[PDB]
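Next up: just one chain, as C-alpha cells, the form deposited in one PDB entry.
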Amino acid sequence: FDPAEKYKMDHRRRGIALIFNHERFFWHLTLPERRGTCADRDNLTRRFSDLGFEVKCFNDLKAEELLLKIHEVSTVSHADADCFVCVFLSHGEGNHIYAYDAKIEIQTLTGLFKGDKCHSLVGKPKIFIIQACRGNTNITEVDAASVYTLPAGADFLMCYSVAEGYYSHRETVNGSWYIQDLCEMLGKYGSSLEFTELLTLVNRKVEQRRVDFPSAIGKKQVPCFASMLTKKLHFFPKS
C-alpha cells in the first residue's frame, strides 16, 4: 500500500471531455435563458484541450439527442485513455438536469460510465462538472442552489458550482463565477497541481467573491466537490 499512489495517466490519449451547453429552453418549460453560458463553454473548451482532452461541445440538445450522444461516448472504447470528463451547463433541480425540452436524472447519465457498463473506464477517474441551478450591459444573475450535490460511484469525482443554502452567480458577459474561477485555476495550476487540491483553490476563490455593497446582498456562493477517487489525480503534460 502506497500513500502517494497516482492514477496511471500515461495512456496514448488523455481522453474525452464532453460539454453539454444549454442556453435556451423549450418555450413551454417556461425557463429563463442562461445568458453568459457560452463564455463558460469556450473557457472550458480552451482549458480542457490544453490539458490534452479531446473536447466535444453540444449546444441546446433535446433529451433524445443528448441521450444518444452520451450513450455513444459511453460505449466507445476508452482503453487507451487516461480518464473521462463531462460538463453540464444548464438548469437543474434535485436529481435532474434539463436538456432543451425535458429533465434527465443525473444518475442515469453518470451510470453509463460505471464499471459494469463501461469496462474500459474501470479504475479510471470519471470527472463530472455541474454548473446548474434553477432560474427564476454585463449584469450578474443570481439563483439559489437547487441540484443535490451527490457523489456518483467508485473513481467518480463530482464537482458542483454551488451547495445547498448558497447562491450561484452568472455574469452575462464573463460567465459563471464558478466556471471563471475553475478555468483560471486550470490555466495556472491544471498541469501541475493535484486535481482536488485545485478544486479546493476554486472553493476559496468563489467563497471570497464579495456579495456586499441590488437585492443580491448576502447571496454568498460556495461550491463543493464529492470525491470517490481512490488515488491522486494529476494532469501533467503528456508526451
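One-based numbering along the sequence shown.
I'd like to know the size of any gap between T75 and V76, counted in deposited residues with no coordinates: none, 1 to 3, 4 to 9, or 10 or more. Count of unmodelled residues in between: none.
Would you mind checking whether any residues of the deposited sequence sit unmodelled between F213 and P214, and how many (none, 1 to 3, 4 to 9, 10 or more)? Unmodelled stretch: 1 to 3 residues, a short break.
Name the higher of the two by mean Cα B-factor in the PDB entry, 172 to 180 versus 194 to 202. Averaging CA B-factors over each stretch, the winner is 172 to 180.
Stretch exceeding the other in mean C-alpha B-factor - 160 to 168, 140 to 148: On average, C-alpha B-factors are higher across 140 to 148.
Third of chain Cα B-factors occupied by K114: Tercile = highest for this residue's CA B-factor.
If you rank every modelled residue in this chain by C-alpha B factor, which third holds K126: lowest, middle or highest? It belongs to the lowest third of the chain when residues are ordered by C-alpha B-factor.
Please say which third, lowest, middle or highest, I217 falls into when its CA temperature factor is compared across its chain. Highest third - that is where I217 ends up once the chain's C-alpha B-factors are sorted.
Lowest, middle or highest third: which one holds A132 when the chain's residues are ordered by CA B-factor from the entry? Its C-alpha B-factor belongs to the middle third of this chain's values.
Chain third (lowest, middle, highest) by recorded CA B-factor, residue given as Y7: Within its chain, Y7 is a middle-third residue by C-alpha B-factor, going by the deposited values.
The same protein has a further form, the form deposited with a partner chain bound, not shown here; the description that follows concerns it.
Note which of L67, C57, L61, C38 lies within 4.5 Å of its partner chain in the bound PDB entry, where distance is taken over heavy atoms; exactly one does. By the 4.5 Å heavy-atom cutoff, the listed residue in contact is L67.
Could you tell me if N138 has a non-hydrogen atom within 4.5 Å of its partner chain in the bound PDB entry? Residue-level check for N138: no, no contact with its partner chain.
Taking heavy atoms and a 4.5 Å cut-off, does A144 contact its partner chain in the bound PDB entry? Outside the cut-off, so no.
Can you tell me whether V85 touches its partner chain? I mean in the bound PDB entry, with a 4.5 angstroms heavy atom cut-off. No, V85 sits far enough from its partner chain in the bound PDB entry that none of its heavy atoms falls within 4.5 Å.
At 4.5 Å between heavy atoms, is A81 in contact with its partner chain in the bound PDB entry? Because no heavy atom of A81 falls inside 4.5 Å of its partner chain in the bound PDB entry, the answer is no.
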